[PDB]
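Topology and contacts: notes
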Amino acid sequence: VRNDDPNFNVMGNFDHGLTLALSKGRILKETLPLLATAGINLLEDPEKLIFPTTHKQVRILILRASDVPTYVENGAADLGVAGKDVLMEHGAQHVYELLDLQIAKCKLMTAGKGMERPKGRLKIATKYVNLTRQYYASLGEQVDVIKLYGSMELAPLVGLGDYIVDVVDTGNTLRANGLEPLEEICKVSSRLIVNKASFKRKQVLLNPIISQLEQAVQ
Amino acid sequence: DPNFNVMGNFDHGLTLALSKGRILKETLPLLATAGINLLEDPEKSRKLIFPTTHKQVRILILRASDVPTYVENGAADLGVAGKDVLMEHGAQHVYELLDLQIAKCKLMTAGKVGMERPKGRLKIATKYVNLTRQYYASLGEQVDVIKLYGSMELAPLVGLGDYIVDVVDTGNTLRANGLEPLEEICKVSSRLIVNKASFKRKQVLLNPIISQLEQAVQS
Amino acid sequence: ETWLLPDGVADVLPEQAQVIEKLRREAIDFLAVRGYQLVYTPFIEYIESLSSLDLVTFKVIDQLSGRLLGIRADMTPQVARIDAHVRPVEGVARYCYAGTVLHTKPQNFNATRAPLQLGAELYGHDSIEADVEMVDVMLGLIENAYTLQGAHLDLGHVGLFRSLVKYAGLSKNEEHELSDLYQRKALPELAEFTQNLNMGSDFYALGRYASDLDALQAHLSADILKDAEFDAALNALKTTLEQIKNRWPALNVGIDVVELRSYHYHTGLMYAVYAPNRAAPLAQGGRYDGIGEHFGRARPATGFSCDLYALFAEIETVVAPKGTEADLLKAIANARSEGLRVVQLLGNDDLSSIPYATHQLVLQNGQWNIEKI
Amino acid sequence: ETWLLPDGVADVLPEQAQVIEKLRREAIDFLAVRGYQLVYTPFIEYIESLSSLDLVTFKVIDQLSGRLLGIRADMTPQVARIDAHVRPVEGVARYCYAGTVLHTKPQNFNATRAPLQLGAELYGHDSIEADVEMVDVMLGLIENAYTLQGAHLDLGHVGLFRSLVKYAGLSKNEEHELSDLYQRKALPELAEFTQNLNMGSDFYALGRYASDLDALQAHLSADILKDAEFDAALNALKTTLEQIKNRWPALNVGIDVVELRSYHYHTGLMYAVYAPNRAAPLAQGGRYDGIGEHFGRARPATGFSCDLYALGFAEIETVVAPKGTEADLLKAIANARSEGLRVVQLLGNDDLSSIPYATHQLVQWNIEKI
Amino acid sequence: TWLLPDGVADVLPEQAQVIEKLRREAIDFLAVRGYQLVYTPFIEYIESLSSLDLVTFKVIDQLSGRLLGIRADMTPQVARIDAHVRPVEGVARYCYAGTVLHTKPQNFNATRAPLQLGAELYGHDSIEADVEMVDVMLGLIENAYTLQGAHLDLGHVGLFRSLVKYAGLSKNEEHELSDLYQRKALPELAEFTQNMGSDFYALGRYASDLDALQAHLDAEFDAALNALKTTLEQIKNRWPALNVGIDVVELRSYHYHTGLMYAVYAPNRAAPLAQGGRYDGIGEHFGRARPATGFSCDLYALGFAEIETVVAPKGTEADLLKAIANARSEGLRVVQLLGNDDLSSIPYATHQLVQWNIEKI
Amino acid sequence: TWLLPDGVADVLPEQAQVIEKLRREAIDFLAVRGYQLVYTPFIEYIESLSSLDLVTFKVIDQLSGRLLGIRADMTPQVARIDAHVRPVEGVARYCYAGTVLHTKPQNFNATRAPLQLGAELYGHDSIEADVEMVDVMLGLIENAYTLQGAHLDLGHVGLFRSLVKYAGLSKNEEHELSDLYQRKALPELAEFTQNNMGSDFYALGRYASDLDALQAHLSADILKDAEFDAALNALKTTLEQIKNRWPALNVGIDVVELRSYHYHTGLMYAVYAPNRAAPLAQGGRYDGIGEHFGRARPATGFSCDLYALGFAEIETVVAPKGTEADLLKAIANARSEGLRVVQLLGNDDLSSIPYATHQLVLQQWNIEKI
Ligand code: NA
Ligand code: NA
Ligand code: NA
Ligand code: NA
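Residues numbered from 1 in each chain as written, not as in the entry; some residues may be left out. Chains lettered and ligands numbered in written order. Part of a larger assembly, values for the part shown. Heavy atoms only, no water. Residues with missing side-chain atoms left out of burial classes, pairs and counts.

Once that is clear, we can look at the overall build of chain B. Helix and strand counts for chain B come out as seven helices and eleven strands. Counting only C-alpha atoms and orienting by the principal axes, one finds that chain B spans roughly 60 × 35 × 35 Å. Relative to all contacts within chain B whose residues are 6 or more apart in sequence, the contacts with residues 24 or more apart total 69%. (Helix = DSSP H or I, 4+ residues; strand = E, 2+ residues; numbered from the N terminus. Contact = heavy atoms within 4.5 Å.)

Attention now goes to the side chain of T40 of chain E. Its location among the elements puts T40 of chain E in the loop between β1 (36-37) and β2 (43-45). There is a polar contact of 2.8 Å between the side chain of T40 of chain E and the side chain of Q77 of chain E. Aside from chain neighbours lying at most four places away, what touches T40 of chain E is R71, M74, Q77 and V78 of chain E together with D10 of chain F. (Polar contact = N/O pair within 3.5 Å; in protein donor to acceptor, adjacent residues only side chain to side chain.)

Glancing now at the interface of chain D and chain C. By convention, interface size is frequently given as the accessible area that disappears when the constituent parts associate. Taken together, the contact between chain D and chain C spans 89 residues of the former and 90 residues of the latter. Here chain D meets chain C over a buried area of about 7700 Å², counting both sides, of which 60% is carbon and sulfur. Along the contact surface separating chain D from chain C lie twelve salt bridges. For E129 of chain D, the salt bridge is made with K322 of chain C, and the minimal N-O distance between the two is 2.5 Å. Across the chain D-chain C interface, the total number found is 31 residue pairs in polar contact. Broken down by element, the residue count for the side of chain D that touches chain C peaks at ten residues, all from helix α1 (residues 14-32) of chain D. Partitioned by chemical class, the residues of the side of chain D that touches chain C number 46 nonpolar, 18 polar and 25 charged. (Buried area = accessible area lost by both parts, 1.4 Å probe. Salt bridge = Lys/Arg side-chain N within 4 Å of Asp/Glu carboxyl O. Nonpolar A, V, L, I, M, F, W, Y, C, P; charged D, E, K, R; others polar.)

Our focus in this paragraph is the interface of chain E and chain D. Counting from both sides, the interface comprises seven residues of chain E and, opposite them, seven residues of chain D. Of the roughly 500 Å² buried at the junction of chain E and chain D (both faces included), carbon and sulfur atoms supply 69%. When the area that chain E buries against chain D is broken down by residue, the three leading residues are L54, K58 and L67 of chain E, summing to 58%. Counting every contact that joins chain E to chain D gives zero salt bridges. Our count for the contact surface shared by chain E and chain D stands at zero residue pairs in polar contact. Classifying every residue of the side of chain E that touches chain D by side-chain character gives three nonpolar, two polar and two charged.

Looking now at the coordination of the sodium ion (ligand 1). Residue and element names in this part refer to chain C. Distances from the sodium ion (ligand 1) to its protein donors, namely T76 (OG1), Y97 (OH), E121 (OE) and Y288 (OH), fall within the range 2.4 to 3.1 Å. All donors of the sodium ion (ligand 1) come from a single chain, and their spacing in sequence reads T-x20-Y-x23-E-x166-Y. Of the two residues, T76 is situated in helix α3 (residues 76-86) and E121 in strand β6 (residues 116-123); the sequence distance between them amounts to 45 residues. The two residues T76 and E121 agree in class, both being buried. (Donors = N, O, S within 2.8 Å, 3.2 Å for Na, K, Ca; no water. Buried < 20%, exposed > 50% of the residue type's maximum accessible area, 1.4 Å probe, protein only.)

Residue and element names in this part refer to chain D. At this site the sodium ion (ligand 2) is bound by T76 (OG1), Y97 (OH), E121 (OE) and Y288 (OH), with donor distances of 2.4 to 3.0 Å. In the primary sequence, the donor residues of the sodium ion (ligand 2) line up as T-x20-Y-x23-E-x166-Y. Within this pair, whereas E121 is found in strand β6 (residues 116-123), its partner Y288 is found in the loop between β10 (283-287) and β11 (301-307), the two being separated by 167 residues in sequence. As far as the burial class goes, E121 and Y288 line up, both buried.

This is the structure we're talking about:
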């Protein structure tokens, strides 16, 4: 089970093992210590495409966060770590969300400029098109949306939206640009998602690793 | 003045949307030729609207994906975007006035070195869903696509696609992971795009700035 | 979620409705007195009739014929049918319309899939003067409805491009490819496409100096300036630019000789009005001779349209008590006669049954009066 | 045949349009000053919203959601949605509308698949007085638009039938079967169906003596007359008949206690206006409490609608002036247009024959007939 | 102008030969086990196809004015047949193999037009009907393809349903739980379960392990558990080389499933090769309520060699026609040259007829 | 709730067995004659299915926003395959067998969902391709069913087309004539041909069934025309060869059979049977059918409704429950020979399978009739 070779071959077919997809950046940082408790460590600095681990039947992918649910649901990864925001916006129907890893905590919120409430149908700028619609629907409301990928705080300042929906941590980026957080839509944290087929047929390998990650978190 | 007020309504002036990172670096010297400079370092600030040495020009720093959106909607009067991003978004609602000849690369197909073409309909992994379809259509061909946002070289290795469509510069990332560049779809570089309404009604302000950017590039 | 409306679709509630309705009537009337006769076009037609000029048209099967219908996306081709077949007036004809059109997806950065299209059509006059009237009418209507303060008129003319295509002997594929390049003003691609193209430097000039007639005429070859049809199109534009600038000195006017929106059915002058902080024009129109030829006789035609929503105060309501006493009904009738909105309390309802009430009809010293609160 | 319109669909050309437009505005305005606030409803909605109360609705797929849309066939349920959810006014509310609705096939012996539906809705008042207002408004609007000369008002009340169904303990299937028989007034079948039905002679009486309150009360059992709810419905009808007869002494008013059109969502008074040599009424309405409950809050509601083409073509006069921008000429044109005259100028080298429908000329500048 | 819609493709001859052969052998494998082939309608009134949504293509019937659908799934159609059209007084077995259409691809499928093959067993209550069906499904996959490295996932909705009943949960609570289980959203499940909430949580946490489940936890619940345990044993017996697993909160289409759940997964595939279940009373919408269990698969998922063609010269000489007929009799694909065509008119030719003999090249 | 739409039916097991067997044998009969099976798409963009209708069901594609059709006819689809998808440089042969949908029944058919089987021969210009196809069509009908009392109708559109060319008729005249001929409306045809080369046009309709009588009444002008004479020879040669190959088959002529004249370019062929208005099978030469999709290809082919060439009961063997080797062995041997065998389930007795015809019983395990 142990492996110390950094150039251990983990290429091609890996149906016998687990392909673990990690979000790059902050989620990676907070995830790697947890994984260590399950005897899964990298043998190289990523910043220095598929990576082997200290476990011979586990290999790691480092993806953009958006791709993690895609890879997991399609079975290109057996399991992955994604923000609750990303998961729920993508659609969570084709994966299992087994663990709250309780890392990268933030809040999905509405936000705006003492702006007067506008008269007609509100326009929301967001990358979270679906979550925006569900939230407003829960209030008995419906909105126009413009999908943006970044610099969400700009949208109200140049008239692309009346309000935004975005993740808020410190909320300093907002205060900086004359915006304020308004309503909390939900609490967000990183989650361990598993491909359904993988979960059903790879219990022997998954069950102990999942249990160890659980212990590590609590 | 670095804190010159450029907030709120700016219909009297130009709102310039720049892609962050490399495009910003190569764009700023060109803009300097038109008397447009930042008065602080973006990378060490959190704010996203910047004044300039020109009172009727303010700058937004956007993710590249948002530049066409902002420009076509008129939230920016003009912007700098890669030909790849522009054409994938759809270029019908802006004017592409200048090739700035920066951030040059190629949009290409790519796959595992020497792999035989599979039978049946190909699956392409790409962030360029529309450009992929147009390219294959030009060959009299039709494909399945899976939209991904990054690390495109991974897709063939984990069976998400038979081939990829992606921008290729050095092409070393490909060679590294056992892929090779195949066909060149088009040459890619950063472009100056202009909102149509802005172009029509702000000639007085645009025309000299555009001309100066043009001159700057020719050298 | 049973109350949910589809995306791009909204109620027009009373506050907004009052403003739009008033705007609708005054626009129709402004057109009426200038000779433009109101028509109502059908909401549904056979798809071929609505598509003579799309993905944008909603499509449904006609149970009576088995043929495919469309919901109107644009009334321009409908009025063309009326002028071409239904009312074949032997002479000049003027019509207008104001009604909802439906789009399968929002067009022109619009919020709504259901814009309120108002427009006008002038059939049966060949010369540029018909276009001058229409431009003048469009501007007049916008001024009447809204304001031309800080507005911008963009004038074009497709005859320039079309003439140069003819003189250079370009194929249809080449012509179509150019029109795409111009409409995107993709000047780098235009450079490459025109290099080894016959008369290519004039084609490039047309795109590079699209906004400036002087700079354009300086960079154009004497060959093309000498061409009768090119020169006629240029004169037509120059004369229009002068007359409109005269009639509307407070209006900003610009030129764009490679504005080629819907080039395939436009045949002359192009005209649109833009406003501050709006990507989409307030109104756009053009010369489109023979637009109705699909339906019968080929007719010279020019016209424009706008979304009326692009051009919401509270409502005052007077509450009177229940009753049918003559002096009370009289006072109610006089009030209603002056255009006031008056209701009577029902049954045992008190004034709190009408919480949006702004005024009361109350008997003071033996006479019925309207007072606030 | 490229000019062909679909069956039941026509242009409204200028002569007719002028009349209908004028009629449309005056009707909206007549309602406005009586407190009925104009709204425009959506032309398309999710099918479930338009179907809360069928074959008549045109259906299309929404590309954005994948859900089925309908084109509005009737604005009544739409305004109900507005009152129930969009504008939840805490009190009485009045709205009106005037717009095209589409039917997959002509309804109500109509020529058109595209009638111009005008209507009014009164929400938030329980008592019969709301219905009296609405009947009064409907009549007033018809009188304003057209004429009530030789018109006939048919008043009904579904509470009579509904009350008797309740008291007799009939099942839903029995109730539904009866409502069909009554709506066809199929009295031979009704005789058979009410034989060996509990309280069947009252059910038969309701159909046989539908037009005559006196003759009905004589043939009804004391059991049903004593029933609180039946008697309340009867009183509600009798009081309405009296008040309306007072307000409109020249109007013929009749009764039909088994008028049960759309029984399933009507809950009280029924009212329609008929005219000579027309099968279809000029206008029809009713009490329909809780019509908007599908969408949110349950609201008392009563209202009517009509086809505006049924209440509705003279020639148009046009003045022709010569081409020019001389101040005195433009001045005369402007004054004429100010008075509501339709004035055009000749274009280019066109003479007066370019405007063959010209009735007048501008020729000091004066208007004379041609 | 040659463009096909997304998710729609020709099946050209090389692939068609393989799929056609596969189609026939599957039908025949079912036939000899008593499953009678039917063709279901391609179009029906929408209510008939929707008795169990967005996936169905919808068109108006000009004859009635009612909305039709194109079949997305034949399961409810055969239910109609068994419930109304052929009300057989006893056990009935049917199968089908045909295109179904989806407005958008389902189950990570490439095609909007999968070739759905399936089987239905009506009229037997006991668990043994499910055992047959599982056995038939496995047998058909083995016949068509291979069970090498395959995994059978067995479930049973009666466990969850029984616990819902015993705990007295409302329909809204039951519906909310079923969503949480189907996503196995255990963090949300913890919060939502905090009456008998610890058993509801246990059902999700220990879904894969009967022993661990029974340690962390009623006639009906026990009957469901026995039904699963008995099935697990019999199937493990009949198929010793097959991996079998458990998931007691597999609740796909919970609303119409009433017992055992069964699906077969394969290496490097998100979508199962085949899935089925017990769905008693599936046809009650159409008439009589009937015990029913069945499965289906996409035949393209169980599925391209070249085709050999013999070219003979033009002619109607008896000895030549005779040789052609004998060749065709042996199942060879033979064509004759037309007019003055030479052999280059058939560039895909593999063999020649030239006594008349067949030779390569 | 059980109601199927008009023209739509289940194919239940008794009929299904017959049709399935018929389907396979037809495909296989074609296969060994070089016709390669393809499956065409059930849905396509409407323009692709309409390159040659009211008959096509139409739906919106949510992915593109474009209009789709459900296939009504596979002929244009295989044309697309040959023209674009598989541009084989030479002769190509394909076949198909699948449901097509029609918005209303065609050709006096009971079903809106016929099972279309057909074959296509691309890439050979000369008449011999048509002779093969006619021969294949007849062979397939003979194999599937019987040609006893059948009738082959041969035509050729080149005759009419050639005469249209020589006479210099306009497109409107040509179109009007083709309607008159297809209705054989001889009184109208007389009037229409009165006013260029009209007597030959009339002769073509009057003597359509008789080559001798036709050649006698035709002008020497048109007989001398190269293209007309080539078409006539093409028909005469086909009539002779087919009469030779199939001496027991009735063969007729109709030179003004012009079904779908617009895309047919040569020989026409159909097979009729006793007491049937619709032919069992019909085909023709249609060069360039696929030009819409790419390369212009010579093409000829036919199709039929397989239900028209088509219900005995099914035999089922019932064995007891069990997994004893000798029992399973006997079951397996039976199934190996193509018998339908089931085992009793649980405590079920033989009455659980009421349609049982045979039993497996221990006498060694034997099959005996019930
Ligand atoms: Na127009
Ligand atoms: Na109403
Ligand atoms: Na099934
Ligand atoms: Na055919």
